[PDB]
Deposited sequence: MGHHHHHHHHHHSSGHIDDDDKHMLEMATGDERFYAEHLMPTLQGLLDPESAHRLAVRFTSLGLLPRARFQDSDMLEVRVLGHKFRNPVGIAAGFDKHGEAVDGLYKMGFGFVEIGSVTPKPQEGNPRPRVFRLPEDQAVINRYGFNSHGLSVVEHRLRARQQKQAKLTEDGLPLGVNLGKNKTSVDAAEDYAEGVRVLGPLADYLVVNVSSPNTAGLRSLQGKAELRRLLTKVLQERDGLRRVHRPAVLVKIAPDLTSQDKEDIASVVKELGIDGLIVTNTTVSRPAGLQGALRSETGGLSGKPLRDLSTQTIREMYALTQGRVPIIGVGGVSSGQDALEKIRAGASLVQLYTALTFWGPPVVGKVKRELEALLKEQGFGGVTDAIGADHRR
């Protein structure tokens, strides 16, 4: 794949010809077809959420919102794949432009608004490769499905309930996405009272599925939570027995120092400016849950060091997206190779040993 060629020539030129969204669409197409340019060592293997992951680096929700490039993403080197956010009924999302590049900050701002083909379309798309996925999962390549809610929905809880019943049987884990900053009032569902009611219904629906079709349930949270919000989330998670957390979605904050001309566009900020804010949220949730709740770290990961910092902070797995938009497919292998080297360099027998290491030092 040659990391330098992509980061210095291919990607840059591409960004100079097409707009963010068009580039994304093209990316999904090429990926789905397997038109892509490192062997995983046992050190990168991780066992959590009732599954084995050959490596802890996954593709974050948002790149493959409709589940169209799952196989191509596995081919890219990801240890697990999570498909964007799916809503019960189809919806176009916000008007364009709704995605912006901040190259000077190695960041992105997006306000898609949950553009989704809907549960039915995604359901049939995953059913067409359900058994193939069964073998991939058994092989250490799990599939996650991220659930959202429609813009005009009145009963948010019912929207997620539907997602559980329709896609739950096809996923190794489900994600209750209540941290999207582009859907009015969605984040308010992170409140203790609302989250408890919401997760109680989700878990009940999940427990009603046949055993082999019973996925783990995780909640994806924002990086803009107050200390109180985090304490409440942790409490609800332990009270209901949530299987895990996905730490920090994009941020509505705008860290001082941003240079991008489009820094003041409305939307969620991703990439490097979000990295440490995300790592710190992971560190806090890990401690609040006594390290007993699996955490998938996401936010500004572009190197082995970025991944290990989140792992040491408490993440059992990590994900990336924005880095892919700047460095291209080669970034996946780069992250894995650097993570492996750093693990050895720091005396860790493997990823598992480093999980939460900072809390024990």
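Report task. Identify which parts of the deposited sequence carry no C-alpha coordinates, going from the N-terminal end onward. Result -> Absent from the structure are positions 1 to 29, 67 to 69.
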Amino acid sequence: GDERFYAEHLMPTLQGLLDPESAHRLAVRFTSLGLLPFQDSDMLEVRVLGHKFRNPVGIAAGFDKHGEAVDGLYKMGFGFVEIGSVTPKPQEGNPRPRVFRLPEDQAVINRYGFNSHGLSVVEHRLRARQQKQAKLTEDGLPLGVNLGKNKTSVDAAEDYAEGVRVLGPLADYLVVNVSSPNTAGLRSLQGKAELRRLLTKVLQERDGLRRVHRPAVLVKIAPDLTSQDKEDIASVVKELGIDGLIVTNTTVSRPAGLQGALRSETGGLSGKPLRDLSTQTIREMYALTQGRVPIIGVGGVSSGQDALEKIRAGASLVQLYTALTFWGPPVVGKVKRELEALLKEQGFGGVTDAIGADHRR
From here on, numbers count along this sequence of modelled residues.
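C-alpha atoms forming the largest set that superposes within 1.5 Å between two forms make up the rigid core.
Query - Outlying stretch relative to shown form, 149 to 157 versus 191 to 199 in 9 other deposited structures of this protein, C-alpha RMS (core) - result: Looking at 191 to 199 and 149 to 157 in 9 other deposited structures of this protein, the bigger mover is 191 to 199.
Query raised in the report: Rigid core superposed, root mean square over structures and residues, which stretch has C-alphas farther from this form in 9 other deposited structures of this protein, 260 to 268 or 76 to 84?
Result: Once the cores are fitted, 76 to 84 deviates more in 9 other deposited structures of this protein.
Query raised in the report: Quick one: higher average CA temperature factor, 253 to 261 or 186 to 194?
Result: The stretch with the larger mean CA B-factor is 186 to 194.
Query raised in the report: Out of 265 to 273 and 196 to 204, which stretch has the higher average CA B-factor listed in the record?
Result: Stretch with the higher mean C-alpha B-factor: 196 to 204.
**Report entry** Deposited CA B-factor, highest of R283, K220, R129, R211
**Finding:** If I rank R283, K220, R129, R211 by C-alpha B-factor, first place goes to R211.
Requested in this report: Going by the CA temperature factor in the entry, name the top one among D243, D139, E123, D71.
Outcome: In this record, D139 carries the highest C-alpha B-factor of the candidates.
Query raised in the report: If you rank the chain by CA B-factor, which third does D229 end up in: lowest, middle or highest?
Result: Middle third, going by the recorded CA B-factors of the chain.
Query - Ranked C-alpha temperature factor of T248 among modelled chain residues, by third - result: Its C-alpha B-factor belongs to the highest third of this chain's values.
Query raised in the report: Hey, what third does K310 fall into on Cα B-factor, ranked over its chain?
Result: It falls in the bottom third of the chain.
Query raised in the report: Taking the C-alpha B-factors as the PDB entry records them, is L36 in the lowest, middle or highest third of its chain?
Result: It belongs to the highest third of the chain when residues are ordered by C-alpha B-factor.
**Report entry** Third of the chain's Cα B-factor distribution that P294 belongs to, per the entry
**Finding:** Middle third of the chain for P294's C-alpha B-factor.
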